[PDB]
Structures are given as structure tokens and as C-alpha cells.
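Residue numbers begin at 1 in each chain, while the letters A, B, ... track the order of the sequences.
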Amino acid sequence: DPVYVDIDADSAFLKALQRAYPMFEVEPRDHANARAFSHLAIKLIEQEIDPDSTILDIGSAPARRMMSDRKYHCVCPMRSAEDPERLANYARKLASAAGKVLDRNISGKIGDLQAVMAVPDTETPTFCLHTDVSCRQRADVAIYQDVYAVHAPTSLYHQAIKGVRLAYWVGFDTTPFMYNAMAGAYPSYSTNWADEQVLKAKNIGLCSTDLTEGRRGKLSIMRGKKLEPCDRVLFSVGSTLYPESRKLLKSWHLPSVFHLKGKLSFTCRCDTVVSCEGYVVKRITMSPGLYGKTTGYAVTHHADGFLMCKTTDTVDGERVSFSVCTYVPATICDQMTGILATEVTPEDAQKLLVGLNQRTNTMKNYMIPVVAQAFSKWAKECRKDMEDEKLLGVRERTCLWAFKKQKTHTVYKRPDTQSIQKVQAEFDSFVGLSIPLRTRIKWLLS
Amino acid sequence: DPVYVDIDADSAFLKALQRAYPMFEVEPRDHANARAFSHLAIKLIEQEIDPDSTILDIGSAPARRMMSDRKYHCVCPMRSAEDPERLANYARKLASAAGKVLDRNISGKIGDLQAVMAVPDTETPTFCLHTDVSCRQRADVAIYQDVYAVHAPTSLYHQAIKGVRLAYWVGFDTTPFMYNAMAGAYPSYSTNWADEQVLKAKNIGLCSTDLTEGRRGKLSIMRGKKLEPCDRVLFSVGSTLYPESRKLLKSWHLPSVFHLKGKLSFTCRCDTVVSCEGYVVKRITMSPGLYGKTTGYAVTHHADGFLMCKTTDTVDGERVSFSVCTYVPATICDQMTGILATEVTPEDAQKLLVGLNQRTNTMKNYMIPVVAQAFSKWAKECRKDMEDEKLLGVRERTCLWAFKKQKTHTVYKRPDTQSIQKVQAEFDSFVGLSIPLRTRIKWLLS
Amino acid sequence: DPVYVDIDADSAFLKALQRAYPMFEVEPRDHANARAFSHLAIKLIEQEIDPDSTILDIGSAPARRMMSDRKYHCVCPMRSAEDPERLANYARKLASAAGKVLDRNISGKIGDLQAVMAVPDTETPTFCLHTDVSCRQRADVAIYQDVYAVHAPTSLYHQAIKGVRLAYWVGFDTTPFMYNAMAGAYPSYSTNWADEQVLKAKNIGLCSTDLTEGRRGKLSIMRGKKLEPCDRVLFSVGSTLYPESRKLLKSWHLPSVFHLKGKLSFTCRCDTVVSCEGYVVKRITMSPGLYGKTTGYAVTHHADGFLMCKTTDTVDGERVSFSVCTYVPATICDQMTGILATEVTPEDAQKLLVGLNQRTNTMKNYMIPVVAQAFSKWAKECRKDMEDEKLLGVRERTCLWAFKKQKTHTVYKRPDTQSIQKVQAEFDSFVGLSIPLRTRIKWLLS
Ligand SMILES: [Zn+2]
Ligand SMILES: [Zn+2]
Ligand SMILES: [Zn+2]
């Protein structure tokens, strides 16, 4: 019954992990936080499906699925520079444990590898060297882990016409990219991300700048005058770097109901099953034939606070403004309810937040100044609404229909509220190994 | 299981060593701090590789590898005045322990030395007298320790075409030389460094000046009017002096992915595995054939604070300004979060820092005045950003495209943030013993 | 294992001796401080070299080496008025212990003396009557103790061509004479020194003046108008007087690497191995053939504070100014960090220092007024730098290249900093007994 995590016992992340999985009993026994979430997510999926089922693994590392008693079929294309290391590590643990266990199948996995090694285009029960689109093995359940570089409707179609009914997806929350922020943080998982255009800023999580005296004139022949989010984004998980795309990240922010219309029509649902401080598990059920009705709305439930505000910084010497997002723990948000009734300065908000934080800290200190600035702008915009009050049921657009728009500098989603976004829901258009590496793999299994 | 370090038990460096190696259990049993980091770094590498592997040692001292049960092949060119002492010390411990151990190979190492002594250009299993480029022995794993005077892409190529797949590098953090500072400190390892041009300053860690009355006129015929970093730099580790080069230090600040393009193409990765207050361990994997894509970005994760500011000093009598860098412990940085919300004078910052330090001191007292001055300049530049706020999404470069650059006097990287630097990622161009010493070595082994 | 010193147990010098020799266990059992440092320095050297080695002693007193089990060859020229007393004391202890010990060679030393007594120009295993240059015995290890009146490169050459590879030097720190001070103190060893020109001052450690009423006119025909250090200097160790030379003292302040170029070329290193409040042990390794590269820099690491300031005094009735140096304990320096943030008067600095000193005193009270005056001048010159701040990377030498030099009245080297000096590193030019005493020596051994 009990489940054990490989983290400490005095940390604050233990309680969050407990309350994210309330049907387990997690016990204690810069990547441990992300590991344990992934450990409990795989355990949940197994408990959720009947055994003796064929399980696909899209873009996997087979060394993690080797010691499990389930019909795993790992898919390992050569897409990144870290992939041959994943393959080579598998070939070692297979040889290094080729006779020490007589319960789980270990000799069959050895034969599959050396068959694919000999014949590099053969589909085998527990291995292949294809993508998620070109693989031809039939199954019923698919699993994704940290897969951010594929189009979700196109990938999900190609698993459907091969008999998959149930899919999961583990990874970072996609909500900050639907609000279109320029940079942000996932502070509990040691992660910062930023747009390419602001990598030379000064006071965000992921940046680097220089010392300078400054000129009163810097002529240029090229004039931008426009600073908006672009497609390419950089992630830093600890000290590991990952480039990603906005379009492919947003495509995994799926609505409640959507239809896939190809040569075989399907009707699909998407629900969020786990949620812990910026890391989520999604579940997608699929079924043949198109029926029901779609609205095109996606909903996010907020167990902690979500913030997004305007900041001023210097980027390569030039002063500019853009938006930053972050997550705030629920206990901190509850204890600021009284203070935000009136207008408070950013300096006084900062001192109050530091006092509330000394309870070891609840939140990281490098995000405190931008959180204190968002809270005071939110309290000021609430007062202005109350002092400029309109008539019930009446928009006053007045002689020609031209109305005035107000300025909004903070978006604050309190705990127990919900975001709702209008997205697309009808989908119809669906657009390595070599001898030196081959020889090295074959040599170990010999 | 447990690992023991040769340092005290009441020092503050024990905790830092513990939290830098969280998968060990370090126990207590001006160079002890640097020793223990190097002891645990070698222990980690051995645990990371399967035994019965051939291990190279670039620019080594064989007396340290003598008592280890691994296939070490030491490489010892005669490049510095301290090298013949390293050779002579080996020849003593070999004779001095030629019959007292019957477990580790000791007689084979004796034969290799006297073979090279007789024939000074023979490659032997456990010794040679070549550089890292001209050696011709084949292996699979290479190790570097305190190697600062070689070009990294050129050295790493020549280990590749001889079958090396895995390399490590231990040494000082290269981040201060990518920010291009003029001087700096590594206070936990008793080290200061400085540019040649500022050796006659007054108030930095490594300098020396004179008493003088001062003239109102000192005519010169040569006019410099330009003070910028130059290639040659001096290091002082305790009281030992080392000259180094900026270009060769910066070349070990490698990106996540890079390609080596010679007569045998390779694709390479670089990750940072350990990090403790300015001393790091890097790991480089390599593989044949070129594949994947490169961005050219290098990332540093900051577990403690990193500072860099402008200071004013007198150099040989003349008042000037330049930049200095240092490291600040994380506990000190966290406790200044509240104070830096407002504008504070350098004098008041200094008094607060002294109070926080008396907890034996957390940080060395000679760096406190320059840290207190950086903190107050940072707090002032944050206020100016907040009071000169722009419009969202708009650069205001105005009739001809000429914008104003602001002045930046402090760079402050708080704990849990990351630096990101654009470096080069495609590499294609890859450019002693004598009789009196010979006789002395041969005499001992006789 | 344990080592015992002949000093008390409640003194503050015991802790300093402990932390200067951290690999020993010193235990308690106006010259005791200097004795014990010399006792532990000889013990270290023996532990550092393999036994059955021939050890030279340059300018020695053989009565100290008589009871030791090592191949000592004492060298005793008749250079000073205290030398025949050293010889006569040896001749007594030899006779006085000619039959009471049957372990260490005592009869062989008796024969060597009476052979040299009979034949005054014979080289013998354990005695000779030559200088360090004219002696012709071959050996491998040399030792110097309190040798201040020889040229170091010339002396070290003549030990090289006779097969010496390893040399040591014990004595006073040479750093104050590289800064060119006019007078100074070594307060923990009961020593003061001064230049000949200031022996008639009033308020320094070593001086003497008169009572006078003073004239408003004292005509002279000779005009000096220049007061600068000259070669001859006087030392007072307790109440014993020693005259020395600046040039010969400075020649033992050797760089990290230097070359000796004679009829037999050598390459040499110099490291500082022990350091305790002004007394040091140096180690010099030497090797044949010239190789490597030299920079010409010498480095001093400061474990305590080092001060040097301008003082005003009366010398033979006339008011003048000159520079004085001293050493300050590290605990005192740490506790003044807060105070020196602002500007403090000399009177208020003095009262604070007296309060901190009553912890028996940490430092001698006669040096307190000049230390308090240096600290307040240093704090004032730091404020002026901060209020006259320049532009980064720019010397402003302005129409003709003539810049203004500032006044410097204090040099303060804090604990954990390093001095660095440019010295010469290439060396190529290398420029008694009578019957009444003879009869007296011979009579005892008869
Ligand atoms: Zn497949
Ligand atoms: Zn070799
Ligand atoms: Zn002699």
C-alpha cells in the first residue's frame, strides 16, 4: 500500500506532494522534486489500467522501463544529441544484469536490441527506431513524458488509427503560454524560462548583461520600435538548457471536447488529473465516430495563486517594459487578504512579504520583489473601479460608437478560481544510426 | 560507504562540502579546502565508470595515482620548473615502497620508469614523456586536473581520434572571465587574481603600492587614456604564484552542444556535475559522426550569489575606475532581501553586513567594503527603473533611430538564477630530460 | 608524536605557535618565543628529509648540533667577536660529556676538533674553519639560521656546484625592507629596528634624545634637506645589538622562479613554508640545466595585518616626517571592520583599541598610538576615493599628458590578502685562529 519518495522529511515539498496525490500515502525515505512527481505519475497510470495491456512510450529512454512488469514498447528515434547516450546506457544494464534475475523478462529484451542492431528497420515487441508518426506497431495505450516538440492533434491521430484508446501526458503547465508572457518561473522545480529577445536583461531569472557608463545617443539605421513575444523560447532546468517552440507548447492546451476528422473520425476528451505547483498530468480518452457537440473552451483550476504583471528593466542598455509570470503558494495569498483592502506601496508590500516568509522560506527570495510590485498595482486598480461606478445593464458608448479602454497591468488568479480560454476544437489537416555507434552497441550484447 | 575528509569538524566548509556532494556521507577526520574537493571529485569519477578501464591523466603528478587500483597512464611533459620535482618524487616512493605491498602492482611501475629513463621516447603502459597532443597511446577515458594552459577544442580533438569517449575537468569556475572582470577573489580557497595592469593598486586582494606626497603635474610623452583587460593574468593560491591567459581560460567555458569537424567528425555535450563556491567538475561526452543542432549558449546555475561592480582606486598614484567580482554566501543574500527594498548608503550597508557576519565569520572581512558598495548601487538602480516606466510592447526610439543607453554599475546574480552566454560552437581548425636529471632518476631505481 | 615547547601554558603565543604548525601537537612544558620557533623549524626539516643524509650548517654554533643523530658538518669562520666563545663552548661540552653516552658519536667529534686545532686548514667530516664560499666539502642539503650578512644568489651558487639540491633559511620576514620603511617593530619577539639617521628621535621603539629649551635659529653651513633610507640599519633583539645591511636583507626576498647562470646552470624555486607573526621558514629547491620561464614576482601572504604609515617626530630637536611599520593581530583587525566605515579621529580610535585590548593584553601598549593614527588616515582616504569617482575604462589625462598624483599616507594589508613585488630573477655575476686561543682549545681536549 504505502508509497515512498526519495526526498527528505523536513522539506515543504512533501506536504504539496501529499495533497496532490490524496489517495496515496507518500512517505520520506536540484532534481528530486521533479523526479518524485514523475514517479507517482507512472504509479497512478498503472493502477488506472488493467494489466496485460500493451503500453507505448513516445520518445522514451528504455533504461527506465527495463525493470517493470508491463508490456512496454519503447520508441527511440535519433532526434537529439543525448539519444545515443540513452541507447548505450540501455545496452549496458542489459548485459550487466543478464543473469541475475529470473522473474522479469530480461533475455527477450536482449534479443530485440541485437535484432534491431543487425536489421535497423525491424519492428520488435520491445524496441524500434522510428518516430511517433512512422511507427507501425498496434497498441491501445500511449504515454508521453516531457514531450514538448510535437504537434498534439497530429501525433494523437496517428495513435488512434492503430487502436489506442487512452493516452497520458506529463509535463509543465501550459497556462503561462496561453496568457502570452515574455518570461517566467517555475520556482519549485528550479526552472526559469525566457524569450530570446530578453536574454540580455538584468533582473529576471535567466539573463546576463554588462557594466557600462551609458551614452546619450546611440544611432541606428534599423528601427524596431516593437517588442512582442516570438516563437523561440529557452528553458533552463537547473543547469540543463532546452530550446522550445510556442506553437507546439500551446497545442497541448486542449479543450474539454474535440473532434479528429480524417479517414477515420474520432471524438475525444481531455481532463487534468493531477496538478502540483506547475507540473500536471493529463488524460485523453478517444473513441471512433463523431458525436456530441463542442464549445471550444479550456479550463484551468488554480490550487495556488497565479500572477502576471508588467515590469520595467534594461535590455542591452535600453529601458523597456514587458510581462513576467510566476506561482505563489496558497498560504501566502490567504494572509495578504486584509492588507490588499487599501492602497499599499511596493516597498511596504515587500517588507510584509519577507516577514510572512520566515516561517527556511516558503517561497524563493529572488521572486519576492516582482510579486510585491504586482500586488500593489492590483490593489490600486481595484480602488479605481469602485470610485468610477456605472449604471446597471447599460454600456455608455454614447454619438459615434467609440468607447474608452482602461489600462490593466496585473492579472491575479486567486486560489479556488478558474481560467477559461477559447481554443480550436475541430481538426482535419494532419501534415541516424551508423556503424561506429552500431558496432559499439553490438559489442556489449555479444 | 562513508567518505572521510581531512578537515576539521567545526568549520563552515564542511556543510558546503556536504551539500555539494549530496549522494555521499562526508565525515570529519591554507589548502585543505581545495584538497578535499579534489579528493571527492576523483572518488566520484571512479564510481561513475566501470572498472578495468584505461584512464589517461593529462599533465599529471604520478605520485598521486601510484596507490590506486585503476589503469592509469600518466602523461608528464617537461613544461614547468616544478616538473622534475614531480618526477623525482615518484622515483623515491617507488623505491621506498618496492617490497612492502603485495596487492597493487608496484614492480611493473618501476620497470616502466627505468625503460623510459633508458629510452626517452618509448610509450609505456603507465608512463610517457609527451604532451597531450603528441602522445600516441589509445584509451577511452581522459581526466584533467588544474589544467589551464591548453586550448580545449584542440586538446579534446586529439583524445577523440584515439578512442576517448568520456572526459572530465576539475578547476576554478570560468564565469568571471566571461564577464570580463579586471580582478576578483575566490575567498573560500584562499585565492586572489588580478590583471597585470592593476598590480600597483591599493585596496584589492593582490596588489602593492607606495607612500607618496603627490604632484599636481606629472608630464608624460606617452598617452594611454585607455584601461581595459589584457590577456595576461596572475593567480595567487595561498602564496604560490601562477600566470595564466584569458583566451585559454575562456575556451573551457563550453556550450551544451558543439561539433568537432576534422578528418573524423564528432558531436559533443558538456554538463556541470559539481559546483562548490567557485570550484567545479565538468563532464564531456563525445561520439562519432555529426548530428543534431547547436544553439551556441552556455548556462551557469548560481547556488550562491555572484557580484560584479565598479570601484575607484589609485593605481601608481593615479585615480581610476575598473570592475571587481566576488562570491557571496546564500544565507547572507537571503537576509538582505528586506533592506534592499529602499535606498541605503554604503556606510549603513557595511554596518548591517558586519552584524550579520558575527554568526567565527561567515565571509572574509576584507571583501565586505566592496560588497556593501555594490549592494547600495544595485538598490539605487532598481528605484530608477520603477520611476521611469514605459509603455507595453513599445520601444520609443522616436525622427532618426537614436536611443539613449542607461548606466549600469552592478551585476547581481541572486541564488537560484542562471547566467546565459553566447559562445562559439563549431570547431574545424586545430593548429627536456637530460643526463644529470636522467642519472639521478636512474640511480634510485637501481 | 607530541612535541613539547619550553614556554608557559597561559600565554597567547602558544595558540599562534599551534596554528603556525598545524601538523604537530605542541604542548606546554625575553627569548623563549624565538627559541621555540627555531626548535620546531629544525624538527620539521628533519621530518622532511630522508635520514643518512649529509647536512651542512652555514655560520653555525656547533654546540647545538652536537647531540643530534644526523650527518651535520658545521662551518665556523671567525667573523664576529662572539665566534671564539662559540668554539670554546663546544670544546667544553665535548670533554664534559666524553664518556657518559654510548649511543651517539661523541669521540669522533673530539678527534675532528683536535685535528683542525693541530692543522688549521683541514676539511673534516664534522668541522671546518672556512666561510660558506671557500669550503670545499661536498653535500646535498644546506641550512641557514639567522644569516643576514651574505648575498643570497652568490652563496646559493657555491652550494649548487658542490651537489646541494635542497636549502632552508630561518629568520625575520623581509617584507618591511621591500616596502622601504625607516623604522619598525616585531613586537612578539621583543625586537625593534631603526635606520642610523633616526636614532635620536623621541617616540619610536629604539631611540634616545635630550631635554632642551629650543632655539628659534640654529645656523648651519651644511644643508641636507633630504631624509631617505640609507644602507645601515640597527637591530635590537632584547638588549643584544646587531648591525645589518639593507642590500643583503633584500636579497633573501627571492621570486617564485629564478635562474643561476654560471659555469653550471641551475633552475631554482623558492616557497614560504612557515609564517608566524614576523618569523618565517623558506625552502629552496635547485636543479641542473636552465628551463621554464620567469616572471620576476615575489608574493607574501598575510595571516595577520601589516601596517605602514607616516609619523611626525622630533629628531635631535628638529621636527620631521618618516614611515614606520608594524604587525597587528588578526582578531584586532576583524573587530575594527565596522568602525572604519566612517571617519574617526585618532583619539577615538585609541580609546576603542584600548578597550579591545584588555581581553593581559593582546598587543603591546607602546605601539597602540601609532596604530590608531594609521587606522584613521586609512578611513579618511577611502572616503575621498568614493566621493571622486571616474568613468569606467577611461584615464582622464586630458591637452598635454600630465596627470595629478594623489597623496597616500597609509598602506594597510588586511588578513587574507597578498603583497606582490617585482624583483630580479636572472643571476650571472658572482663576485683568525691564533696560538693563545689555539692553546686554550687544545688544552681541554687533552
Ligand atoms: Zn515501434
Ligand atoms: Zn603517453
Ligand atoms: Zn667545511
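- Taking OG1 of B:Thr175 as the reference point, atom CZ of B:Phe306 lies at 6.5 Å (rounded to 0.5 Å).
- Between the side chain of A:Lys364 and the main chain of A:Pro187, a donor-acceptor pair closer than 3.5 Å is present.
- Close placement of the A:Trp252 and A:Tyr144 rings is indicated, their centers lying within 6.0 Å of each other.
- Contact detail for B:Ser419 and B:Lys413: the closest heavy-atom pair is OG-CE, 3.6 Å.
- Here the CZ-CZ distance, from A:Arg246 to A:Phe177, works out to 6.5 Å after rounding to the nearest 0.5 Å.
- Side chains of B:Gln421 and A:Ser208: a donor-acceptor N/O pair is present below 3.5 angstrom, by distance only.
- Without hydrogens or angle criteria, B:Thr337 side chain to B:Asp334 main chain gives a donor-acceptor distance under 3.5 Å.
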Q) Between A:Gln145 and A:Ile42, does a side chain to side chain contact (heavy atoms under 4.5 Å, CB included) hold up when you go through it step by step? A) CA-CA 10 Å; A:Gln145 202 149 326; A:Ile42 287 302; 3.8 Å; yes
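- By the 4.5 Å heavy-atom criterion applied to side chains, A:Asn203 and B:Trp378 are counted as neighbours.
- Expressed to the nearest 0.5 Å, how far CE of A:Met367 lies from CZ of B:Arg414 amounts to 9.0 Å.
- With A:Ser38 contributing its side chain and A:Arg35 its backbone, the two residues share no donor-acceptor pair below 3.5 Å.
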Q: Verify side chain to side chain contact (heavy atoms under 4.5 Å, CB included) between B:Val411 and A:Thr209, making sure each step is shown before the conclusion.
A: CA-CA 7 Å; B:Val411 162; A:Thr209 197; 4.0 Å; yes
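- Contact annotation: the side chain of A:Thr311 approaches that of A:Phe322 to within less than 4.5 Å [non-hydrogen atoms, C-beta and beyond].
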**Q.** Residues B:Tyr297, A:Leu199; criterion side chain to side chain contact (heavy atoms under 4.5 Å, CB included); working and verdict
**A.** CA-CA 11 Å; B:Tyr297 285 120; A:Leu199 291 183; 3.8 Å; yes
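- Shown here for A:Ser323 and A:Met308, the closest heavy-atom pair between the two residues is OG-CE, 3.8 Å.
- Rounded to the nearest 0.5 Å, atoms OG1 (A:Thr272) and CG (A:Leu254) are 9.5 Å apart.
- Checking side-chain atoms of A:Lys351 against main-chain N and O of A:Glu347 turns up a donor-acceptor pair under 3.5 Å.
- Within the 3.5 Å criterion, the main-chain N or O of A:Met67 finds a donor-acceptor partner in the side chain of A:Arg104.
- Once rounded to the nearest 0.5 Å, the distance linking CG of A:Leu14 with CD1 of A:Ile7 reads 5.0 Å.
- Atom CE of A:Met336 sits about 7.0 Å away from atom CG of A:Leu356, to the nearest 0.5 Å.
- Counting heavy atoms from C-beta on, the side chains of B:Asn361 and B:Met363 never come closer than 4.5 Å.
- Contact check for A:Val370 versus A:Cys309: side-chain heavy atoms found under the 4.5 Å cut-off.
- Because its NZ or CZ atom is both nearer than 6.0 Å to the ring centre of A:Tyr72 and within 45° of the ring axis, A:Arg65 counts as a cation-pi partner of that residue.
- A donor-acceptor contact closer than 3.5 angstrom links the side chains of B:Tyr327 and B:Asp173.
- For A:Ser190 and A:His31, the side-chain atoms include no donor-acceptor pair closer than 3.5 Å.
- When all heavy atoms of A:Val344 and A:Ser376 are compared, the closest pair comes out as O-CB, 3.2 Å.
- The closest donor-acceptor contact from the side chain of B:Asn357 to the backbone of B:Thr362 lies under 3.5 Å.
- Residue A:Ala20 comes nearest to A:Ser275 through the heavy atom pair CB-O, 4.0 Å, listed as atom of the first residue, atom of the second, then distance.
- Between B:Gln418 and A:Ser239, every side-chain heavy-atom pair lies at or beyond the 4.5 Å cut-off.
- Formation of a donor-acceptor pair under 3.5 Å by the A:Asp195 side chain with backbone atoms of A:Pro229 is not found in this model.
- Between A:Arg70 and A:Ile49 the shortest heavy-atom distance is NH2-O, 3.1 Å.
- Annotation: side chain of A:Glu277 is not in contact with side chain of A:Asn33 (no heavy-atom distance under 4.5 Å).
- Between the side chain of A:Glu244 and the main chain of A:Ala149, no donor-acceptor pair closer than 3.5 Å is present.
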(Q) Walk me through whether B:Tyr279 and B:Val274 qualify under side chain to side chain contact (heavy atoms under 4.5 Å, CB included). (A) CA-CA 8 Å; B:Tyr279 226 92; B:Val274 200; over 6 Å; no
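- Below 30°, between 30° and 60°, or above 60°: for A:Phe172 and A:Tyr189 the angle between ring planes is above 60°, a perpendicular geometry.
- A 4.5 Å side-chain heavy-atom check between A:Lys282 and A:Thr174 finds at least one atom pair inside the cut-off.
- The shortest side-chain heavy-atom distance between A:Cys276 and A:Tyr21 does not fall under the 4.5 Å cut-off.
- Side chains of A:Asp83 and A:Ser80: a donor-acceptor N/O pair is present below 3.5 angstrom, by distance only.
- Aromatic rings of A:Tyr148 and A:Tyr242 (six-membered ring for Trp) have centroids beyond the 6.0 Å cut-off, not under it.
- Contact between A:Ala81 and B:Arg269 at its shortest, heavy atoms only, is O-CD, 3.9 Å.
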